[PDB]
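Just data17.cif here, mmCIF, C-alpha atoms:
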```cif
data_upload
#
loop_
_atom_site.label_atom_id
_atom_site.label_comp_id
_atom_site.auth_asym_id
_atom_site.auth_seq_id
_atom_site.Cartn_x
_atom_site.Cartn_y
_atom_site.Cartn_z
CA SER A 3 0.00 0.00 0.00
CA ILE A 4 1.05 3.64 -0.59
CA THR A 5 0.89 4.27 3.23
CA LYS A 6 3.40 1.44 3.83
CA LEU A 7 5.74 2.63 1.01
CA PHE A 8 5.84 6.21 2.43
CA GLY A 9 6.50 4.65 5.86
CA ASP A 10 9.44 2.64 4.45
CA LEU A 11 10.69 5.79 2.55
CA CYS A 12 10.65 7.80 5.82
CA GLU A 13 12.60 4.97 7.57
CA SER A 14 15.33 4.99 4.85
CA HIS A 15 15.93 8.72 5.62
CA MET A 16 16.38 7.79 9.35
CA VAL A 17 19.35 5.45 8.60
CA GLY A 18 22.51 6.61 10.43
CA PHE A 19 20.64 8.84 12.98
CA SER A 31 12.35 9.57 19.72
CA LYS A 32 12.41 7.15 16.72
CA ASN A 33 8.59 6.97 16.58
CA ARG A 34 8.27 10.79 16.92
CA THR A 35 10.84 11.40 14.12
CA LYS A 36 9.09 8.81 11.89
CA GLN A 37 5.72 10.59 12.43
CA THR A 38 7.28 14.04 11.74
CA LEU A 39 8.85 12.76 8.47
CA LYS A 40 5.53 11.07 7.47
CA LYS A 41 3.58 14.29 8.14
CA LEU A 42 6.13 16.31 6.11
CA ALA A 43 5.97 13.80 3.20
CA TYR A 44 2.13 13.98 3.03
CA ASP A 45 2.01 17.80 3.47
CA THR A 46 4.58 18.20 0.60
CA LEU A 47 2.69 15.67 -1.61
CA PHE A 48 -0.63 17.53 -1.10
CA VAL A 49 0.92 20.99 -1.77
CA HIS A 50 2.31 19.66 -5.07
CA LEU A 51 -1.02 18.02 -6.13
CA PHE A 52 -2.84 21.37 -5.60
CA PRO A 67 9.12 15.19 -22.57
CA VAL A 68 11.51 13.15 -20.35
CA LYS A 69 13.67 12.36 -23.44
CA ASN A 70 14.33 16.10 -23.98
CA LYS A 71 15.25 16.55 -20.28
CA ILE A 72 17.67 13.55 -20.66
CA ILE A 73 19.28 15.17 -23.79
CA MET A 74 19.72 18.40 -21.75
CA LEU A 75 21.32 16.36 -18.91
CA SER A 76 23.72 14.54 -21.32
CA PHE A 77 24.70 17.95 -22.79
CA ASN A 78 25.35 19.28 -19.23
CA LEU A 79 27.60 16.24 -18.50
CA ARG A 80 29.59 16.86 -21.77
CA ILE A 81 30.18 20.61 -20.98
CA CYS A 82 31.46 19.53 -17.50
CA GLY A 83 33.98 17.16 -19.24
CA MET A 84 31.93 14.02 -18.24
CA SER A 85 31.48 12.86 -21.88
CA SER A 86 31.83 9.13 -21.01
CA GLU A 87 29.04 9.48 -18.40
CA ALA A 88 26.90 11.34 -20.99
CA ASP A 89 27.42 8.55 -23.61
CA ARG A 90 26.62 5.94 -20.91
CA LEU A 91 23.45 7.82 -19.83
CA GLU A 92 22.23 7.93 -23.48
CA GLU A 93 23.01 4.16 -23.94
CA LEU A 94 21.18 3.17 -20.69
CA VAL A 95 18.10 5.25 -21.64
CA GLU A 96 18.05 3.81 -25.19
CA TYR A 97 18.32 0.29 -23.66
CA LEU A 98 15.29 1.12 -21.43
CA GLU A 99 13.30 2.47 -24.45
CA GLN A 100 14.18 -0.54 -26.71
CA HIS A 110 8.46 6.77 -17.90
CA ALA A 111 7.36 8.05 -14.44
CA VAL A 112 10.51 6.45 -12.90
CA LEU A 113 12.76 8.14 -15.52
CA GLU A 114 10.98 11.47 -14.90
CA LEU A 115 11.62 11.06 -11.12
CA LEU A 116 15.36 10.40 -11.75
CA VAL A 117 15.53 13.51 -13.99
CA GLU A 118 13.72 15.68 -11.36
CA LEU A 119 16.25 14.39 -8.73
CA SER A 120 19.33 15.05 -10.95
CA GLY A 121 22.15 16.77 -8.95
CA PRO B 9 20.64 27.89 -25.70
CA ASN B 10 18.85 24.46 -25.52
CA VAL B 11 15.25 25.81 -26.00
CA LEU B 12 16.49 28.03 -28.88
CA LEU B 13 18.16 24.97 -30.50
CA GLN B 14 14.94 22.90 -30.11
CA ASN B 15 12.94 25.77 -31.72
CA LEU B 16 15.54 25.85 -34.56
CA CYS B 17 15.02 22.09 -35.20
CA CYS B 18 11.18 22.46 -35.14
CA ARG B 19 11.30 25.39 -37.64
CA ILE B 20 13.74 23.90 -40.19
CA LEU B 21 12.04 20.44 -40.20
CA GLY B 22 8.44 21.80 -40.01
CA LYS B 23 7.84 19.38 -37.07
CA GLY B 24 6.67 19.53 -33.44
CA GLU B 25 9.01 19.25 -30.42
CA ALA B 26 8.17 15.52 -29.97
CA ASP B 27 9.01 14.68 -33.64
CA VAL B 28 12.46 16.44 -33.66
CA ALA B 29 13.96 14.67 -30.60
CA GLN B 30 16.66 12.79 -32.62
CA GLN B 31 17.71 15.94 -34.58
CA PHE B 32 17.72 17.96 -31.32
CA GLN B 33 20.02 15.37 -29.63
CA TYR B 34 22.27 15.42 -32.74
CA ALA B 35 22.40 19.26 -32.58
CA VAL B 36 23.19 19.27 -28.79
CA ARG B 37 26.01 16.73 -29.40
CA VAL B 38 27.57 18.78 -32.27
CA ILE B 39 27.40 22.07 -30.29
CA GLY B 40 28.75 20.38 -27.10
CA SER B 41 31.76 18.83 -28.94
CA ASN B 42 32.72 22.14 -30.70
CA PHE B 43 32.62 24.73 -27.88
CA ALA B 44 35.49 26.90 -29.24
CA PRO B 45 35.76 28.39 -32.78
CA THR B 46 38.66 26.84 -34.75
CA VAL B 47 38.92 30.10 -36.76
CA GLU B 48 40.21 33.53 -35.69
CA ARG B 49 37.46 35.77 -34.16
CA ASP B 50 38.05 38.77 -36.50
CA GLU B 51 35.02 40.64 -37.94
CA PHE B 52 37.26 42.31 -40.60
CA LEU B 53 38.52 38.93 -41.94
CA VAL B 54 34.87 37.74 -42.42
CA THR B 55 33.79 40.99 -44.10
CA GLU B 56 36.74 40.52 -46.53
CA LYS B 57 35.72 36.85 -47.20
CA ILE B 58 32.09 37.99 -47.86
CA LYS B 59 33.28 40.75 -50.29
CA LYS B 60 35.56 38.20 -52.07
CA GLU B 61 32.56 35.84 -52.46
CA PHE B 62 30.50 38.58 -54.22
CA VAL B 63 33.52 39.26 -56.53
CA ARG B 64 33.86 35.47 -57.22
CA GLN B 65 30.12 35.39 -58.14
CA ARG B 66 30.36 38.54 -60.43
CA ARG B 67 28.00 40.35 -57.99
CA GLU B 68 30.13 43.48 -57.32
CA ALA B 69 26.99 45.66 -56.79
CA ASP B 70 25.82 43.30 -53.98
CA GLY B 71 29.37 43.51 -52.49
CA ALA B 72 29.06 47.34 -52.38
CA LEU B 73 25.58 47.07 -50.76
CA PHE B 74 27.00 44.54 -48.23
CA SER B 75 29.76 47.08 -47.32
CA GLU B 76 27.07 49.74 -46.58
CA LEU B 77 24.96 47.28 -44.54
CA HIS B 78 28.10 46.18 -42.61
CA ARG B 79 28.88 49.87 -41.78
CA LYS B 80 25.25 50.33 -40.56
CA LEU B 81 25.51 47.12 -38.46
CA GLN B 82 28.72 48.47 -36.85
CA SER B 83 27.19 51.92 -36.07
CA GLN B 84 24.09 50.45 -34.31
CA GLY B 85 26.24 48.96 -31.46
CA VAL B 86 23.43 46.44 -30.54
CA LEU B 87 25.31 43.15 -31.21
CA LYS B 88 28.32 41.90 -29.20
CA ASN B 89 29.29 38.90 -31.39
CA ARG B 90 28.96 40.56 -34.88
CA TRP B 91 31.91 38.43 -36.19
CA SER B 92 30.05 35.17 -35.30
CA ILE B 93 26.78 36.26 -36.98
CA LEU B 94 28.60 37.37 -40.19
CA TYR B 95 30.62 34.09 -40.15
CA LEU B 96 27.39 32.05 -39.78
CA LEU B 97 25.74 33.96 -42.69
CA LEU B 98 28.88 33.39 -44.86
CA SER B 99 28.93 29.68 -43.83
CA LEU B 100 25.27 29.33 -45.00
CA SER B 101 25.62 31.35 -48.30
CA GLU C 13 18.51 -6.02 -14.97
CA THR C 14 15.91 -3.17 -15.31
CA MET C 15 16.40 -2.15 -11.62
CA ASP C 16 20.23 -2.28 -12.09
CA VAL C 17 20.01 -0.04 -15.21
CA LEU C 18 17.77 2.42 -13.28
CA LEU C 19 20.31 2.40 -10.40
CA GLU C 20 23.17 3.13 -12.88
CA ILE C 21 21.18 6.10 -14.33
CA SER C 22 20.46 7.23 -10.71
CA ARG C 23 24.26 7.27 -10.01
CA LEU C 24 25.20 9.06 -13.28
CA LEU C 25 22.58 11.75 -12.47
CA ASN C 26 23.88 11.97 -8.84
CA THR C 27 20.28 11.58 -7.52
CA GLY C 28 21.56 10.21 -4.15
CA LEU C 29 19.12 7.23 -4.40
CA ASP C 30 20.27 3.74 -3.35
CA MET C 31 18.71 0.41 -4.49
CA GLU C 32 16.30 0.28 -1.47
CA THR C 33 14.99 3.86 -1.82
CA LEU C 34 14.81 3.47 -5.64
CA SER C 35 12.78 0.21 -5.22
CA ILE C 36 10.31 2.11 -2.96
CA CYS C 37 10.09 4.95 -5.53
CA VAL C 38 9.42 2.54 -8.47
CA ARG C 39 6.53 0.98 -6.47
CA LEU C 40 5.13 4.47 -5.64
CA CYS C 41 5.18 5.39 -9.38
CA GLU C 42 3.50 1.99 -10.18
CA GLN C 43 0.72 3.06 -7.71
CA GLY C 44 0.17 6.36 -9.65
CA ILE C 45 2.23 8.75 -7.47
CA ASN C 46 3.28 11.74 -9.62
CA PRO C 47 7.14 11.82 -10.16
CA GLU C 48 7.41 15.64 -9.75
CA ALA C 49 5.47 15.44 -6.44
CA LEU C 50 7.56 12.43 -5.27
CA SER C 51 10.84 14.27 -6.13
CA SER C 52 9.65 17.21 -3.96
CA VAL C 53 8.86 14.78 -1.09
CA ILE C 54 12.36 13.18 -1.33
CA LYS C 55 14.07 16.64 -1.39
CA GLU C 56 12.11 17.74 1.74
CA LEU C 57 12.73 14.40 3.57
CA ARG C 58 16.53 14.77 2.96
CA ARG C 59 16.56 18.42 4.19
CA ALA C 60 14.48 17.53 7.28
CA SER C 61 16.62 14.42 8.06
CA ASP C 62 19.85 16.47 7.89
CA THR C 63 18.39 19.29 10.05
CA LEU C 64 17.22 16.71 12.63
CA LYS C 65 20.65 14.89 12.59
CA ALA C 66 22.37 18.27 13.21
CA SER C 67 20.00 18.92 16.19
CA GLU C 68 20.42 15.52 18.00
CA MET D 8 13.50 48.03 -28.95
CA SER D 9 13.70 50.21 -32.16
CA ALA D 10 17.49 49.73 -32.51
CA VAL D 11 17.02 45.90 -32.11
CA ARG D 12 14.39 45.78 -34.92
CA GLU D 13 16.53 47.99 -37.20
CA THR D 14 19.54 45.70 -36.46
CA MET D 15 17.50 42.57 -37.35
CA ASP D 16 16.30 44.25 -40.59
CA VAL D 17 19.97 44.95 -41.63
CA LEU D 18 20.90 41.31 -40.81
CA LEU D 19 17.92 40.05 -42.88
CA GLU D 20 19.11 42.15 -45.87
CA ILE D 21 22.69 40.73 -45.54
CA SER D 22 21.13 37.22 -45.19
CA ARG D 23 19.15 37.74 -48.46
CA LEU D 24 22.21 39.10 -50.35
CA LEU D 25 24.14 35.97 -49.29
CA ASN D 26 21.18 33.71 -50.38
CA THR D 27 21.38 31.91 -46.99
CA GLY D 28 17.69 30.76 -47.17
CA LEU D 29 17.00 32.06 -43.60
CA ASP D 30 13.67 33.73 -42.70
CA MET D 31 13.39 36.49 -40.02
CA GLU D 32 12.37 34.12 -37.18
CA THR D 33 15.07 31.45 -37.90
CA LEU D 34 17.60 34.32 -38.24
CA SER D 35 16.41 35.69 -34.84
CA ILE D 36 17.10 32.25 -33.25
CA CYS D 37 20.58 32.13 -34.88
CA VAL D 38 21.44 35.69 -33.62
CA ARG D 39 20.34 34.79 -30.03
CA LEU D 40 22.42 31.55 -30.13
CA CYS D 41 25.54 33.45 -31.37
CA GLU D 42 25.04 36.23 -28.72
CA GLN D 43 24.85 33.37 -26.12
CA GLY D 44 28.36 32.25 -27.30
CA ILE D 45 27.35 29.25 -29.49
CA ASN D 46 30.13 28.39 -31.97
CA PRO D 47 29.01 29.61 -35.46
CA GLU D 48 30.92 26.68 -37.17
CA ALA D 49 29.04 24.06 -35.13
CA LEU D 50 25.73 25.96 -35.62
CA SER D 51 26.26 26.18 -39.43
CA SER D 52 26.94 22.39 -39.54
CA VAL D 53 23.72 21.70 -37.57
CA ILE D 54 21.65 23.99 -39.88
CA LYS D 55 23.10 22.27 -43.01
CA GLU D 56 22.24 18.81 -41.57
CA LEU D 57 18.69 19.89 -40.55
CA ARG D 58 18.06 21.20 -44.12
CA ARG D 59 19.13 17.84 -45.65
#
```
Written as structure tokens, how would this file's structure read?
Amino acid sequence: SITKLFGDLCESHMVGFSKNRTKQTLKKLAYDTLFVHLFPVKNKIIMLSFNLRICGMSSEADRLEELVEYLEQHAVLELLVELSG
Amino acid sequence: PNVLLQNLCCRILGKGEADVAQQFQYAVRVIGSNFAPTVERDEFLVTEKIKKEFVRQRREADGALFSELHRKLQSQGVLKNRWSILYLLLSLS
Amino acid sequence: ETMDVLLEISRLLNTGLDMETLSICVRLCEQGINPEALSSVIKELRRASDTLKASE
Amino acid sequence: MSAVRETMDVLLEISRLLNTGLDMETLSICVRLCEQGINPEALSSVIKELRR
């Protein structure tokens, strides 16, 4: 269930740190942020590969393009792009 | 840069943003690999190459008109990279 | 395979996701959670975790 | 604003004399790319490929 997955996601952010209070604070924050937000990926990937090349990371850019083409040959890819850097 | 390059692809191909994705990635790659000009950045050397091209084509009247337009472009002071624009126009002639 | 490729992309993009957190995110997307909203949640959870670690 | 239009009109006349096949709006994109420091050699190669 979504409620379990957000619970597990909040616990992963508590690795390396009362515990129940912190878990409830992080859960509340996650839901409050999700609700505030509720109220093409290929082009973003091309822009990211270009940004890697201008930083001198051309091998990482070529590898990113290859891995994305392998996956094509969408919501998860859009999440990874929105979390880039 | 990137949005302008996507718009350039859409316009030349007569296609929407979704249909130009391959040509846009090609364009980004070519621009990213060629960050520095291999030629000297001299506006005068381009203006001389443009005038020589009109002479080569037997279009001496158009070479005189180009010299007037180049003087007007210089006096306006609006553009910073005048050399690069003239070089692009010469490269596409 | 597909999860390993997604983890390699995650590393190349420096997203800071590990295999466990990525596996939770994939299952949230499969349940119709918007990626842009989920990215915002992850960014806030990181910031709040680090603030709380600095306070303990 | 006036000086920018008058500058684009002069560039369009030079573009026509050179037979470059650029319209005003494509030329406006090219000028903005060059003013943003895009290499004109690389840009000319891209435009030639996109026309083919």
If you take all atoms listed in the file and a cut-off of 7 Å, which residues of chain D touch chain B, and what are their nearest atom pairs and distances in Å to one decimal, in chain and number order, as a tab-separated table?
```
residue	atom	partner	partner_atom	distance
D:10	CA	B:84	CA	6.9
D:11	CA	B:86	CA	6.6
D:14	CA	B:81	CA	6.5
D:17	CA	B:77	CA	6.2
D:21	CA	B:74	CA	6.4
D:22	CA	B:97	CA	6.2
D:24	CA	B:70	CA	6.6
D:25	CA	B:101	CA	5.0
D:26	CA	B:101	CA	5.4
D:27	CA	B:101	CA	4.5
D:33	CA	B:16	CA	6.5
D:36	CA	B:12	CA	6.1
D:38	CA	B:93	CA	6.3
D:40	CA	B:9	CA	6.0
D:41	CA	B:92	CA	6.2
D:42	CA	B:89	CA	5.7
D:43	CA	B:9	CA	6.9
D:46	CA	B:45	CA	5.7
D:47	CA	B:96	CA	5.2
D:48	CA	B:45	CA	6.8
D:49	CA	B:39	CA	5.5
D:50	CA	B:39	CA	6.8
D:51	CA	B:96	CA	6.0
D:53	CA	B:35	CA	5.7
D:57	CA	B:20	CA	6.4
D:58	CA	B:20	CA	6.4
```
Could I get the residues of chain A with an atom no further than 9 Å from an atom of chain B, each paired with its nearest atom pair and that distance in Å to one decimal, using all atoms listed in the file, sorted by chain and residue number, as CSV?
```
residue,atom,partner,partner_atom,distance
A:67,CA,B:26,CA,7.5
A:69,CA,B:29,CA,7.5
A:70,CA,B:29,CA,6.8
A:73,CA,B:33,CA,5.9
A:74,CA,B:10,CA,7.2
A:76,CA,B:37,CA,8.7
A:77,CA,B:36,CA,6.3
A:78,CA,B:40,CA,8.6
A:80,CA,B:40,CA,6.4
A:81,CA,B:40,CA,6.3
```
| Got a sec to resolve the PyMOL selection byres ((chain C and resi 46) around 10) on this structure and send the residues as a ChimeraX atom specification? | /A:47,50-51,111-112,114-115 /C:40-45,47-51
| request: Could you give me, as a ChimeraX atom specification, the residues within 10 Å of residue C:23, counting all atoms listed in the file and dropping anything in the same chain fewer than 5 positions from it? | output: /A:87,91,116,120-121 /C:17-18,28-30
| For atom CA of residue D:28 and atom CA of residue B:23, the interatomic separation in Å (one decimal) |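 It comes out at 18.1 Å.
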| field | Shell of 12 Å around residue C:19, all atoms listed in the file, local chain residues under 4 positions omitted, as a list in words | value |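 Within the cut-off, the hits are residues 91, 94, 95, 112, 113 and 116 of chain A; 13, 14, 15, 23, 24, 25, 26, 27, 28, 29, 30, 31, 32, 33, 34, 35, 37 and 38 of chain C.
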| request: Give me the residues within 12 Å of residue A:40 as number ranges by chain, counting only C-alpha atoms and dropping any in the same chain fewer than 4 places off. | output: A: 4-16, 33-36, 44-47; C: 53-54, 56-57, 60-61
| Distance in Å - atom CA of residue A:82 versus atom CA of residue C:55 | 23.9 Å
| When you draw a straight line from atom CA of residue A:96 to atom CA of residue C:21, how long is it in Å? |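 Separation between atom CA of residue A:96 and atom CA of residue C:21: 11.5 Å.
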| query | Smallest atom-to-atom distance to residue A:71: which of A:85, A:43, A:92, A:100, using only C-alpha atoms? | reply |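 When distances to residue A:71 are compared using only C-alpha atoms, the smallest one comes from A:92.
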